[PDB]
Amino acid sequence: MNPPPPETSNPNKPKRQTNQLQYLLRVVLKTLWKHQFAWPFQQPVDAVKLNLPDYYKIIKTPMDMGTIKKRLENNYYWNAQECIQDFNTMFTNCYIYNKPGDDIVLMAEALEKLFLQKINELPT
Ligand SMILES: CC(=O)Nc1cc(Cn2ccnc2)c2cccc(O)c2n1
């Protein structure tokens, strides 16, 4: 059984648009999205489809790039740091659920390096 995916809107949460959040959508996310190793991370983990019945028994803060993209499109975030924390939750989830050297981990590691390169300099 999959849990509900993370919210992409919340009327109790204030919205904001900043130059950095625009960049995180237009440049950072949409470039990572095209990476050859992006596809496992483009949607919430479907534990039923992927036969990972222990995934949500281990991962209690799920995050994926599909959710992040929708949050950026919704102006769900207050600032760029909030969005960056979601990326880091996504990468760390993969490292927590899996082991060093796993194919999926090698994929997340390559994406994390590209992500770090892209956020090294943000607009002002
Ligand atoms: C042990 C295990 O299956 N771990 C897996 C497998 C898949 C599905 N997958 C595998 C290769 N490409 C996509 C994952 C997909 C997304 C995030 C994960 O943490 C995953 N972890």
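Every heavy atom of this structure was used, including side-chain atoms; hydrogens, water molecules and symmetry mates were not. Position 1 is the first residue of the sequence, and the numbers go up from there.
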Exercise. Is the number of heavy atoms from other residues, nucleotides or ligands within 6.0 Å of NZ (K60) greater than 12?
Worked result: yes
Exercise. Within a reach of under 6.0 Å around CD of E121, are more than 12 heavy atoms found that belong to other residues, nucleotides or ligands?
Worked result: no
Exercise. So do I59 and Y97 actually touch side chain to side chain, heavy atoms under 4.5 Å?
Worked result: yes
Problem set entry | Non-hydrogen side-chain atoms of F91 and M63 separated by less than 4.5 Å | no
Exercise. Do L25 and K69 have side chains that get closer than 4.5 Å, going by heavy atoms?
Worked result: yes
Seminar exercise, completed: side chain to side chain donor-acceptor pair (under 3.5 Å) filter on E112, not counting sequence neighbours, yields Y95
Exercise. Quick one: side-chain contact (heavy atoms from CB on, under 4.5 Å) partners of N98, sequence neighbours excluded?
Worked result: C94, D102, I104, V105
For this session: Would you check if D86 and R71 make a side-chain contact, meaning some heavy-atom pair closer than 4.5 Å?
Result: yes
Exercise. Just by modelled atom types, is the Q17 backbone N or O under 3.5 Å from a matching donor or acceptor in the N75 side chain?
Worked result: no
For this session: Would you confirm whether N93, through its side chain, and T61, through its main-chain N or O, come within 3.5 Å as a donor-acceptor pair?
Result: yes
Exercise. Just wondering, do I58 and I96 contact through their side chains at under 4.5 Å, heavy atoms?
Worked result: yes
Exercise. Under 3.5 Å, is there a donor-acceptor pair between the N2 and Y55 side chains?
Worked result: no
Exercise. Is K113 paired with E109 through a side-chain N to carboxylate O contact shorter than 4.0 Å?
Worked result: no
For this session: Answer yes or no: is there a side-chain heavy-atom contact under 4.5 Å between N79 and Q20?
Result: no
Problem set entry | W33 versus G66, closest heavy-atom pair with distance | CZ3-N, 3.8 Å
Problem set entry | Nearest-0.5 Å distance, CZ of residue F115 to CE of residue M65 | 10.5 Å
Exercise. Any donor and acceptor pair, going by atom type alone, linking the side chain of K15 with main-chain N or O of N74 inside 3.5 Å?
Worked result: yes
Exercise. Any cation-pi pair here, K13 with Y76, using under 6.0 Å and within 45°?
Worked result: yes
Exercise. Are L21 and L116 connected in a single hydrophobic cluster, I mean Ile/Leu/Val/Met/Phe/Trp/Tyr linked by side-chain heavy atoms less than 4.5 Å apart?
Worked result: yes
Problem set entry | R26 atom CZ, over 12 foreign heavy atoms within 6.0 Å | no
Problem set entry | Any donor-acceptor pair under 3.5 Å from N10 side chain to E7 backbone | no
Problem set entry | Test item: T89 side-chain N/O and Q85 main-chain N/O as donor-acceptor pair under 3.5 Å | yes
Exercise. Is the number of heavy atoms from other residues, nucleotides or ligands within 6.0 Å of CG (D54) greater than 12?
Worked result: yes
Exercise. Would you say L106 and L114 are hydrophobically clustered, going by side-chain heavy atoms of ILVMFWY under 4.5 Å?
Worked result: no
